[PDB]
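As a starting point, one isolated chain is supplied in structure tokens, in the form deposited in one PDB entry.
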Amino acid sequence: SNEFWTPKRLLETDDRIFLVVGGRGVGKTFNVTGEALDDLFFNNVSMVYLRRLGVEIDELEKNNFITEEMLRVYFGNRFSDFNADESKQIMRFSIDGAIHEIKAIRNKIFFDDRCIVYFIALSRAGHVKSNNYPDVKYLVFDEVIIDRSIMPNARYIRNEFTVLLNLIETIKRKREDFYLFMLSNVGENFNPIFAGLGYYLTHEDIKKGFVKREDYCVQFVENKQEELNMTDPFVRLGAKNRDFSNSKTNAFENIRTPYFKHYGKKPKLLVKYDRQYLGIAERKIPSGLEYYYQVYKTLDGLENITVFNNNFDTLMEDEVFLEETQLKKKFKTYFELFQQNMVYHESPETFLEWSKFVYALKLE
């Protein structure tokens, strides 16, 4: 729970959006909260612990989010005179000789009667748009990428990245000093979070520990068994199970790398999205078909190809309206062919544009 990773190396740089992939995950969330204690206690700022699904918060132990050892390791000699009423979910401790009290109730934690941690779930985000979060400096999004191994039939929230963005706007209103931590235990492409960030995961970027971008940073953290305690029976038992053993280093086991190929012929359909036109080209082969997902900056040269439009406002003239029932009829297989890695992309740059488009309109 006190791993070698710390967010100090990230807080010192000038960036404010961090994507941390890899690690125990149990240690990551623990150390992020600990490094934030000082600000939360004495700088009049709060924290928001965000999970995707409300079920993930109800089962979360709040009383144990801030724990005795958490304070001992992050305050040391400053800390003494600790007593707590776990039944009533209260802590009584002293820092620098001053007496403080932390109470945990419902989805909030208070420090001297000031909320310092909010527990809210993205699937319930529509409820929390009420701006009761005046001074939130840290937003922590934990387990932000689904591990298909852990939970095969798990779905992201509909239009998740827009929901998340709406929530940031609500939590952070005209605040310069705001930080967002996106903690993931596994790294892979083909998910709305990566697409929203516009990040394409590549082993070259993983071999390098750090990746800097205009709007955010990405940090990859390595786990290594190093020395194993083969005197402990529980440790020995785990070594005998391959599946459990691999789970320790399963972060980058399979990054989802698409296939890339170019096709000269013109596309069969076009859809206008983000002041561009996405295109799908089909090439007939004896076995069946080959799909090419393309991007065109202008309609010059592809005069009489049909153009679908998601938005009614940007609709015009010869474009056909993209209603939700007409879209399910025409794009379901194309989305399936995409989510399953069955198509050729022009380049990683086009792949991200298609990812944004797919995850915006995908239906569930």
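Heads up, when I say rigid core I mean the largest set of C-alphas that superpose within 1.5 Å between the two forms. Quick note: we count residues from 1 along the sequence shown, nothing fancier.
One more form of this protein, deposited in another entry, exists but is not displayed; see below.
Here the two forms are overlaid on the core, and between the shown form and the other one the C-alpha of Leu228 is the only one among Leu228, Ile99, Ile105, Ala154 to shift by 2 Å or more. Relative to the superposed core, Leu237 undergoes a Cα shift of 2 Å or more between the shown form and the other one. Positional change of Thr202 between the shown form and the other one stays under 2 Å at the C-alpha, relative to the superposed core.
In the core-superposed comparison between the shown form and the other one, the C-alpha atom of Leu183 has shifted by less than 2 angstroms. Between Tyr49 and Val128, the Cα spacing is larger in that other deposited form than in the shown form, differing by no less than 3 Å.
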